[PDB]
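Encoded as structure tokens, the structure appears first; notes follow it.
Protein chains in written order, with the entry's author numbering: chain A, 1 to 269; chain A', 1 to 269; chain A'', 1 to 269. A prime marks a further copy of an entry chain.
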């Protein structure tokens, strides 16, 4: 279906990007051989130095244009991944049945479209590129929650999916309006790690950090935004360690990482 | 399933292609350092110039072989995408139930196999590479039409899929036998845009341009083939603008693009 | 679902790898222009030669670090493909229903995790990189066998899947404990080709070569291991020719390749 279409388009970008990288390598090589030829033939030091500077200026321009093509190829790749993830979000919302979760997933399609369209307009912006990455990770976490809700029909899992899909929409409009915000950037990642864990205490704690960063970004108090980031940083690290201790380990640090997330959310509420 | 297999093989091509690009960069660097060493030590101008020309000849050969590896990596990627798309076409035809559409999808598998096998035989051919691209786009449009037909069981949608899958087969054998034909190249793309639109008037208009380009290519009248291309060019541009005005816009140009496609098909029939 | 997640991560690797390749090209170009400048200005031959050697040493280090990044990018790609293939293996085992085949598929998840984790620890090892490739191919063959078993519910196909999934686990722990073993490396590939063929005689013949290579690797008789490789080499080539003669050909060599695999397995038992 649509999955094969994206792989076909992403592969065209890789072939085209590798084609342009070789184009830059080929041009830089022509300049070197031409410079060595002129340096060995000419005797005027003034002309030799000017031939060297124009090659160094052109070589620096060749590299910059190649960084631009990689920049545009990355935004085009992130645009295809965002649309594919949003398309997966709406179909999973259909397989649930709730018209309310269908309205929530419909906004993610609108959020993914608008954020990916602005990144492709000016890929040189690093904030619009990173904000689109986290929105993609938020949609992926929402899709993983929706797919789990339709496995056994557990009413807690279905409500778990609704609360975290709506929270993903919340932690998406925030980074869309404030891409350069480190507090909103970290509270989103803490929610993605809290969605995959499935803990009710971790989901309500991550969303509270999103609202704290939202209110701190309503006004323009920089000391207020930095406090939410440090609170969201320790929460995110506690969830990543809890995921490592559950996948492997010997249950020793697994109980230790629980109190890490518990104490981190304690001083944040 | 098969989708994960293609991604695994396409990723091996990207790693291998990046490995060979660095191999060329490493060899070009060795030649530059060796040339600077010999130019600074030797005093005979005759020997210095010959050392420079053999490096420029070898550097030009290194770049050409790297363009060849990118050329072979692109054909191998297009071969994997074509087979994956044809595999998706036959299973969607099974989910419909019509044995007639199963015979139509069976030809696409044969058309995708033969076209992708000839492109991998000599990837330096640009016509066989581009003709395979449009055949892939034709199969993707056929798959999107087949998946929509099995959504609600609408009898119009199921017949809409049969007419456009057969038309995709028609606009595939044509570009296979005439890869260097611009008229057949454009009538195919007009059909792909007409399939996604779902308009009955746009589907019969695009196929009529395929038959006009087919009869013009039966004989060898070049003025006849150019007339179909210009007719298919305006039809394709009208469908792409109609898709832009339906996705966004304010319904103003949406009605304007309808008369564009209407008038374009008028002077083509 | 998970398929879109892997494509998103694999595309980030390609963009990042292309970003680092250009970084190496940009640094190598700066060294060339700086060297040409110093060679044209300075007159002391002793200083010129030392400026050349330090550039040749740095250029050789730049290329080596770029080979390392390609090395680490390949292991990260093979780790994502292995986990995605193992995830596909467990769900197909669930769709069968046998708790025994679910325990077999559960080991592949453990085998794919452990082998991919050791390859990412030291990607410079070529044996751990190649052993992970064949384990991926073994899981893919197991998934293709499991998907075919749930098509028509044929009891022979369901048992065909169980025998070859268990054999895939057998030809996975072997290459995991002996990555540098050519006999175990070839008996695995002979099984992958024997799984796709579906021949009962080819499956029991490939597994017998796995047990022969297993017992030869129990001890450390090098002449014993080389005998199994030559026996597994001819079996693998006979299955690849049998696949070519069945896909195309004119049934002439198709019967000839059958006696090839028959005689190859004859002198191996």
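Note that CB positions come from ideal geometry on N, CA and C, so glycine has one too.
Coil, strand or helix - residue i by DSSP
{"i": "residue 262/A'", "result": "helix"}
{"i": "residue 51/A", "result": "helix"}
{"i": "residue 267/A", "result": "coil"}
{"i": "residue 222/A''", "result": "helix"}
{"i": "residue 216/A''", "result": "helix"}
{"i": "residue 229/A''", "result": "helix"}
{"i": "residue 253/A", "result": "helix"}
{"i": "residue 98/A''", "result": "coil"}
{"i": "residue 245/A'", "result": "helix"}
{"i": "residue 87/A''", "result": "helix"}
{"i": "residue 196/A'", "result": "helix"}
{"i": "residue 181/A", "result": "coil"}
is_contact[residue i, chain A] using C-beta, thresh 8 Å
{"i": "residue 74/A'", "result": "yes"}
{"i": "residue 1/A''", "result": "yes"}
{"i": "residue 195/A'", "result": "no"}
{"i": "residue 126/A'", "result": "no"}
{"i": "residue 150/A'", "result": "no"}
{"i": "residue 81/A'", "result": "yes"}
Proximity test, Cβ basis, 8 Å: residue i and chain A''
{"i": "residue 40/A'", "result": "yes"}
{"i": "residue 6/A", "result": "yes"}
{"i": "residue 147/A", "result": "yes"}
{"i": "residue 18/A'", "result": "yes"}
{"i": "residue 43/A", "result": "no"}
Short CB-CB distance (under 8 Å) between residue i and chain D
{"i": "residue 85/A''", "result": "Within the model displayed, chain D is absent; protein chains A, A' and A'' are what it includes."}
Distance between beta carbons of residue j and residue i, contact taken as under 8 Å
{"i": "residue 191/A''", "j": "residue 213/A''", "result": "Going by Cβ atoms, the distance from residue 191/A'' to residue 213/A'' rounds to 11 Å, so no, they are not a contact pair."}
{"i": "residue 119/A''", "j": "residue 79/A''", "result": "7 Å"}
{"i": "residue 228/A'", "j": "residue 194/A'", "result": "At roughly 15 Å, the Cβ-Cβ gap does not stay under 8 Å, so residue 228/A' and residue 194/A' are not in contact."}
{"i": "residue 128/A", "j": "residue 10/A'", "result": "Actually they do not touch by this definition, with Cβ atoms about 28 Å apart."}
{"i": "residue 86/A''", "j": "residue 104/A''", "result": "About 12 Å; that fails the 8 Å criterion."}
{"i": "residue 167/A", "j": "residue 135/A", "result": "So it is not a contact: roughly 13 Å between Cβ atoms."}
{"i": "residue 33/A''", "j": "residue 55/A", "result": "6 Å"}
{"i": "residue 143/A", "j": "residue 89/A", "result": "5 Å"}
{"i": "residue 268/A''", "j": "residue 231/A''", "result": "4 Å"}
{"i": "residue 18/A''", "j": "residue 261/A", "result": "About 38 Å separates the two Cβ atoms, so there is no contact after all."}
{"i": "residue 239/A''", "j": "residue 211/A''", "result": "No, residue 239/A'' and residue 211/A'' are not in contact; Cβ-Cβ is about 18 Å, not under 8 Å."}
{"i": "residue 36/A'", "j": "residue 35/A''", "result": "6 Å"}
{"i": "residue 235/A''", "j": "residue 264/A''", "result": "5 Å"}
{"i": "residue 169/A", "j": "residue 145/A", "result": "That pair is no contact at about 12 Å."}
Residue-chain proximity (residue i, chain A'), Cβ-Cβ < 8 Å
{"i": "residue 14/A", "result": "yes"}
{"i": "residue 176/A", "result": "no"}
{"i": "residue 10/A''", "result": "yes"}
{"i": "residue 77/A''", "result": "yes"}
Residue i Cβ short of 7 Å to the ligand HEM heavy atom set
{"i": "residue 212/A'", "result": "With respect to the ligand HEM, the structure offers nothing, as it holds no ligand at all."}
My parser needs the alpha helix (DSSP H) runs of 4 or more residues fully inside the stretch 115-174 of chain A''; what are they? 126-152
Residues in the stretch 54-69 of chain A'' having any Cβ partner in chain A' nearer than 7 Å: 55, 56, 59, 63, 66 and 67
At a Cβ cut of 9 Å, what residues of the stretch 206-228 of chain A count as close to chain A', listed as they run along the chain? none
Members of the stretch 233-259 of chain A near chain A', C-beta cut-off 7 Å: none
For the stretch 20-38 of chain A'', which residues have a beta carbon sitting closer than 8 Å to at least one beta carbon of chain A'? 21, 24, 25, 28, 32, 35 and 36
Within 7 Å of chain A' by C-beta, residues of the stretch 131-142 of chain A'' in sequence order: 136 and 140
Pick out the complete alpha helix (DSSP H) segments inside the stretch 2-64 of chain A', 4 residues or longer, and give them in chain order. 2-41
Interface residues of the stretch 88-111 of chain A'' facing chain A [CB-CB below 7 Å]: none
Identify each residue in the stretch 155-173 of chain A for which the Cβ-Cβ distance to at least one residue of chain A' is less than 8 Å, and report them in chain order. none
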